[PDB]
Amino acid sequence: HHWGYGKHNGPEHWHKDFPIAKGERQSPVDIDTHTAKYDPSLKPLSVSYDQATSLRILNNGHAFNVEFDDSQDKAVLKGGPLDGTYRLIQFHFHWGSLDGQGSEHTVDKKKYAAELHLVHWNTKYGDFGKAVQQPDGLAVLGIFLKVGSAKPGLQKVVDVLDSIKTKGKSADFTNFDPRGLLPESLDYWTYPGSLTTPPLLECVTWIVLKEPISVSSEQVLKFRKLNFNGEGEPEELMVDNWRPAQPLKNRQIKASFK
Ligand SMILES: NS(=O)(=O)c1cccs1
Ligand SMILES: [Zn+2]
């Protein structure tokens, strides 16, 4: 009996426990590509993932997270609109019950089948828990997934899902290279926003890549076999774990490309 994505506890209800849900810098948003402002002052992204150390994969009851060792500068994101160095701590996905929905951000109202979030925190704040309390604390790289050809670099994640089917299950997940999840181009949009699940803190610089990656129908089908529930509880399939677009309010979306 807490927040989730059901009819009785889903995104429309969250504001009752987390009033920041109606705040001024909430995410996700629709990216209107014609009113995004090209900003020549924006730098290319620098993704340095060569020394990434993955540790574990966890079903936390609303998604599955692949967690990384963030006790040193092993996998970091720099450049773009960021000042300073952000360390990778985990990635996860949001996805739908059908191929025509699943992403959190939309592009000219278009929904993708899923959205990948690579979550990084600003090393100047020392730990992730301190970082989420700051307006420049996190940087999340958002990558859209469309259904088409399979993504070979995603298959190791798909094959382990049977082992973490229910809430609270975890499995060792070492030597996974997140470089296999990136598109060819690193062109992006960026805007200031928030976590898209409770506690909905307004601490995120969003960097959303223009180029989607393709995954196969069989790959995304396997995401839809996970459960929101714990073992021994009534089965509820983990699907549609996305928050709908929020008002842009007083914000400008910037593009790194024209
Ligand atoms: N979905 S997200 O990337 O904004 C997020 C929620 C909690 C930690 S990171
Ligand atoms: Zn997310």
Side-chain angles (χ1 to χ4, degrees), residues 3-33 35-36 58-65 90-119 132-133 135 137-138 140-147 166-168 189-208 212 220 223-230 233-253:
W3 68 267
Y5 294 95
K7 1 181 93 138
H8 309 284
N9 64 350
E12 289 304 297
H13 289 275
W14 293 351
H15 67 99
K16 289 175 277 181
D17 283 317
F18 303 95
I20 193 66
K22 294 197 191 292
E24 298 291 294
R25 68 174 266 198
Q26 287 293 291
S27 292
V29 299
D30 177 55
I31 294 160
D32 186 74
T33 60
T35 69
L58 168 70
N59 177 339
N60 65 11
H62 55 263
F64 61 89
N65 287 357
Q90 51 111 324
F91 69 81
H92 62 272
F93 299 82
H94 304 261
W95 60 92
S97 55
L98 300 151
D99 300 343
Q101 64 199 47
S103 66
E104 294 209 296
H105 292 89
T106 56
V107 179
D108 293 332
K109 305 292 194 70
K110 178 187 181 156
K111 290 174 176 90
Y112 288 90
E115 189 172 325
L116 163 62
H117 288 160
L118 290 129
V119 179
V132 297
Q133 303 170 35
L138 295 198
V140 179
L141 197 62
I143 296 168
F144 292 121
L145 278 63
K146 62 171 187 196
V147 174
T166 50
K167 178 175 173 177
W189 295 281
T190 183
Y191 74 97
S194 74
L195 300 180
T196 66
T197 65
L200 300 169
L201 297 173
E202 290 179 335
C203 63
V204 181
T205 296
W206 276 96
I207 299 162
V208 174
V220 63
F223 285 15
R224 298 182 181 130
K225 294 189 160 177
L226 294 163
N227 282 178
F228 283 127
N229 56 283
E233 288 160 12
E235 187 173 32
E236 195 64 50
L237 291 181
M238 186 184 277
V239 294
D240 291 321
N241 54 353
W242 51 275
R243 188 188 193 193
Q246 301 298 305
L248 189 58
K249 296 187 166 156
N250 68 60
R251 293 175 284 184
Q252 163 73 223
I253 296 175

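Atom set for the values below is all heavy atoms of this structure, side chains included, hydrogens, waters and symmetry mates excluded. For the single chain, residues carry numbers from 1 onward in sequence order.
Looking at heavy atoms from C-beta onward, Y191 lies in side-chain contact with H105 at the 4.5 angstrom threshold. Contact check for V119 versus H92: side-chain heavy atoms found under the 4.5 Å cut-off. For the pair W95 and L145, the minimum side-chain heavy-atom distance is 4.5 Å or more. Between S27 and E104, every side-chain heavy-atom pair lies at or beyond the 4.5 Å cut-off. By the 4.5 Å heavy-atom criterion applied to side chains, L226 and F64 are counted as neighbours. Between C203 and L195 there is a side-chain heavy-atom pair separated by less than 4.5 Å. With contacts defined as side-chain heavy-atom distances shorter than 4.5 Å, the pair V208/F144 qualifies. Taking 4.5 Å as the limit, some side-chain heavy atom of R243 sits within range of a side-chain heavy atom of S194.
Of all the heavy atoms in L201 and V132, the pair that sits closest is CD1-O, 3.6 Å. The two residues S103 and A114 come nearest to each other via the heavy atoms CB-O, 3.9 Å. In terms of heavy atoms, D240 sits closest to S97 at OD2-OG, 2.8 Å. The two residues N229 and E233 make their nearest non-hydrogen contact at ND2-O, 3.4 Å.
Atom CD of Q252 is surrounded by more than 12 heavy atoms from other residues, nucleotides or ligands within 6.0 Å. Annotation for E12: atom CD does not count as buried by contact number, only 12 or fewer foreign heavy atoms lying within 6.0 Å.
Atom OG1 of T33 is separated from atom CD1 of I253 by 10.0 Å, given to the nearest 0.5 angstrom. Distance check: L118 CG to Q90 CD gives 8.5 Å after rounding to the nearest 0.5 Å. Annotation: the span from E24 atom CD to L248 atom CG amounts to 11.0 Å, rounded to 0.5 Å. Note that the CG atom of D108 and the CG atom of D32 stand 5.5 Å from one another [nearest 0.5 Å]. Residue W206 holds its CH2 atom at 10.0 Å from CD1 of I31, rounded to the nearest 0.5 Å. Atom OH of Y112 is separated from atom OG1 of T106 by 10.0 Å, given to the nearest 0.5 angstrom.
The main-chain N or O of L200 is found under 3.5 Å from a side-chain atom of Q26 such that the two form a donor-acceptor pair. Using a distance-only test at 3.5 Å, with no hydrogens or angles considered, no donor-acceptor pair links the side chain of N65 to the main chain of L58. No donor-acceptor pair under 3.5 Å is formed between the side chain of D99 and the backbone N or O of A113. Under the 3.5 Å distance criterion, the side-chain polar atoms of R25 are left unmatched by any main-chain donor or acceptor of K249.
Between the side chains of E235 and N227, at least one donor N or O lies within less than 3.5 Å of an accepting N or O.
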Please step through ring-ring contact (aromatic ring centres under 6.0 Å, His included) for the pair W14 and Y5, ending with a clear verdict.
CA-CA 10 Å; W14 293 351; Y5 294 95; 5.7 Å; yes
